[PDB]
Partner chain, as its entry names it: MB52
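Coming up is one lone chain in C-alpha cells, specifically the form deposited without its partner chain.
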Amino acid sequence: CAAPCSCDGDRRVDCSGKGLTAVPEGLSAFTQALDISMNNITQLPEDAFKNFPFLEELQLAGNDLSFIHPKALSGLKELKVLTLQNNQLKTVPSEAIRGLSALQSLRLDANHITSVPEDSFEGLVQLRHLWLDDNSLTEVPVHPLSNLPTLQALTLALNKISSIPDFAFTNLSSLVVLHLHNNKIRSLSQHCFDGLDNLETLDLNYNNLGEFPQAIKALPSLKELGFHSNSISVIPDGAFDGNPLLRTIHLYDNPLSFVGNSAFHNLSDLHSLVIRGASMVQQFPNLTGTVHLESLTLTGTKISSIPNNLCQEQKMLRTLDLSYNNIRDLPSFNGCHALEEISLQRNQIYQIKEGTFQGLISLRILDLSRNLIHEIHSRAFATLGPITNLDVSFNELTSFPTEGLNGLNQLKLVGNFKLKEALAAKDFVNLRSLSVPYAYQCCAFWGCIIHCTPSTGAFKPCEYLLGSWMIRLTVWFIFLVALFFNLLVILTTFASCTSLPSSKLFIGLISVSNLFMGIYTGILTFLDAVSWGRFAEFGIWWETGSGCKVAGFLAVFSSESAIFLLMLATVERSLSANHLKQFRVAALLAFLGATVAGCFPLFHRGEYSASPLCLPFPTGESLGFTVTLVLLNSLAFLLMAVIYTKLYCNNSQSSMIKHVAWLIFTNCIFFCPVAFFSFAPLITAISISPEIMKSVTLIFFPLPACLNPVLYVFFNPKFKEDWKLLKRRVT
C-alpha cells in the first residue's frame, strides 16, 4: 500500500476524497479498478497510467481537469468504464480516446463542451452507453454519431438544441433509450427518426414544440413516450398509428384545445389516460381497442353524454374523473366491477335512478357536489357496501334517503336549503364526520367524535331555549308584570273627556309602546313552554318561517317607539318651562317612524336569522341595521340628558318634572349594559362567554318595560291616586 490510499479490496484501489494533485505511485500493478475522484488533479501528463496495464475501470469525476495529453491514455486496452463528469473540458478529446476499442461506457456530462469535432468517436467499436447532457451543445453531431452502430443508450438533455435535421439518427440500429428533454427544440423534420426500429423510450419534455410531431410514425417498438410541458394545442386525428406497443404517454401542462375522435383508439397496451383543459371537445373519444385502461380522466371539456358501453368494453378500471363538463344523464354503471372512485362534480345532473349505481361492489368514494341534483330515488345505494366518503353538497336536495349508507365514515351535505327534515341518528352509527344543512340537525347525532360542522352553541340550544331555571323564571316574571301594569295605566289615562295636557298625554303612549314589548315577551315564553326539552324539530320551522319575522318586528317596533316618545316628553317640559296642537302631530310622526324602522329589517337577507329569540342585536355576527340601531339610540339619550341638564340647571310642575326625570334615568343604565356587551371585538371585554351574554340580553332588554309602569302605579306616587279617584269615581 502507499501513504494516501486504501488499496484494500480484490485488486480494487480507492483513493477518492484526498487532496492528491497527481496519480499516486507505489500501488500494485494488478489493480483492476482505480477510484481517484474528488481530487485536485488538473492535467494528465503523457504516459500517466503505465503502471496499471490491467486496469479496467477508471473514475476521474469531481476534479478540475482541463487538459488531457493525447498519449496520456496509452496501454489501457482493457478499459471498459470511463467517467469524466463534473470537470472543465471545453471539448471532447478525440485524439486521447482513439485507442480505447474495448471501451463500453463513457460519461462526459456536466462539462463545458460546446463543440464536437468531426473526427470524434472514431475507434470505439464497442461503445454502449454515452452521456452528453448538462453541456452547451447547440446542434446534434450527426456525422460523429454515424460511427457507433452498437450504441444502446444516449442522452442529450439540458442543452441548447433548437431543431433536429433529416436523417439525424439514420445509423443507430441498436439504440433503446434516447433523452432530449430540457432543450429548446421547436421543429422536427419528417424524416428524422428513420432507422430507430429498436427504440423503446423517447423523452421530449420541457421543450417548445408548437405542433404535434408527425415523425413518430417510424418506431414500431416504442413503449414509453413523454412530451409534457410543451406548447402543443391540437392532437391530429390518427396520431399514434405506427406505435402499437405504447404503454405510457405524458401530455399534461399543455394548452390543448382540440383532440381528434379517432386518436387514442386501438391501443391495447395503454393503462392510463388523463386529459385536462380540452375546451373545444364535445364528443366522447372512441376507444374501440383500448380495453386495458386503469384510470380515465376527462375534465374541462364540453362533453354532454357518456357512451352506454363504457364498462362493458373494458373491465380494468379503478378510478374515473369526469368533472367540469355538461353531463346531465348518467348511464348505468353496471359492469365496472373493479371501479373504486367516481368523480362527477360540477355538472348538470338532475336525477338519480334505481340502476345508476347498481353493481358496484368495490365503490368507496363518490362525489356529486355542485350538480344541481334535486331527485334521488330510494335505490342505487344498497349495492355499494364498502363506501366511506359520500360528498353531495351545494345541490337542490329535498329528501335524502338513509338506506344502504350505514358504512359511511365521512358525509358532506352542506349547502342544501330545501332539506328541512331530520335525519335519523340510528342509521349512522359508524359515521364519524358529518356536515348538515341546518345547525339543529346535530342535536339528533351529537348527543340529545362526530364533530358536526355547524357546532351549535348558546345561541343555538338543543334542549332549553331560555337556558337555566333562573333566566326562565326571570323572563316569566317580566312577562306577568309588564302586560297587566301597562293595561291598567292605559285604561286609567284614557278615561276622562276633559282636555288632556301634553305632559299627561305622553304617558299613555309610553304605555302603548310598552304594552307591545310585553306582548313580545309573552310570545317568547309561550314558545318556550310549548317546546320544553325538544328544541330540535321546532327550530328549523321557527327560524325559517313566518313566526320569527312577526316576533322580530314587535321587538324592534316596541323598543324604538318608546325612546322616540320619551324624547318628545323631555322637549315638551323644556318648552313649557298654543303648542298643544303640534304635540299630537309630533306623536303621530314618531309612531310612523317607529313602524318604518321596525319593518326595514323584514325585507333584507340574513337578519332575524341569528338566534331563536329573533332580536335585532343578538350580536348579529347583519352589522348594519344592528350597529345602526344601537348608535341612534345612544345619540337620543345624550341629547335628553343635555336638555334636562340644561333644565337641571334651569308643586304640580315640580312633580311632573320629577317624573320625567326618573324615566330618563331608570332607562339609561340598561341600554348601557346591552350596548357594552355589543362593542365586544374592539376591547375584547375580557372574553365574555356567549351564555352570560344571552342571559344578560334576556334579562335586561325587556326589563324597562315592567319598571316603567310601577314607577307610576304604586311606587313614587304623584297622581295615580287621582286616576283611581277619578276612574273609581267614573266606575
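Rigid core here is just the name for the largest C-alpha set that superposes within 1.5 Å across the two forms. Residue numbers count along the first chain shown, from 1.
Just so you know, the form deposited with its partner chain bound exists too; it's not on screen, but the next bit is about it.
Determine whether any heavy atom of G335 comes within 4.5 Å of a heavy atom of its partner chain in the entry with it bound, and answer yes or no. So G335 does not count as contacting its partner chain.
Contact between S28 and its partner chain in the entry with it bound at 4.5 Å, heavy atoms? So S28 does not count as contacting its partner chain.
Taking 4.5 angstroms as the cut-off for heavy atoms, does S94 touch its partner chain in the entry with it bound? Within the cut-off, so yes.
Look up in the entry with it bound whether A48 has a non-hydrogen atom within 4.5 angstroms of its partner chain, and give yes or no. Judged by the heavy-atom cut-off of 4.5 Å, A48 is well away from its partner chain in the entry with it bound.
Taking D194, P220 and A239 as a possible spot, do all three reach its partner chain in the entry with it bound with a heavy atom inside 4.5 Å? No, because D194, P220 and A239 lack any heavy atom that approaches its partner chain to within 4.5 Å in the entry with it bound.
Name the single residue among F665, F67, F676, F54 that comes within 4.5 Å of its partner chain in the entry with it bound, judging by heavy atoms. Of the candidates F665, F67, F676, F54, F67 is the one lying within 4.5 Å of its partner chain in the entry with it bound.
If the cut-off is 4.5 angstroms on heavy atoms, which of these, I376, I303, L390, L89, is the one near its partner chain in the entry with it bound? After the contact test, the surviving option is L89.
Going by heavy atoms within 4.5 Å, which of 565-573, 419-427, 117-125, 352-360 lines up against its partner chain in the entry with it bound? Comparing against its partner chain in the entry with it bound, the contact stretch is 117-125.
Looking at its partner chain in the entry with it bound, which residues in 25-53 have at least one heavy atom within 4.5 Å of it? Heavy-atom contacts within 4.5 Å come from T42 alone.
Taking the rigid core as the superposition reference, indicate whether the CA of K718 shifts 2 angstroms or more between the shown form and the other one. Yes, the C-alpha position differs by at least 2 Å between the shown form and the other one.
Assuming the CA distance changes by 3 angstroms or more, are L613 and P681 closer together or farther apart in the entry with it bound compared with the shown structure? Compared with the form shown here, the C-alpha atoms of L613 and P681 sit closer together in the entry with it bound, by 3 Å or more.
Kindly indicate if, in the entry with it bound, the C-alpha atoms of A551 and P681 are closer or farther apart than in the structure shown, bearing in mind the change is 3 Å or more. Result: closer.
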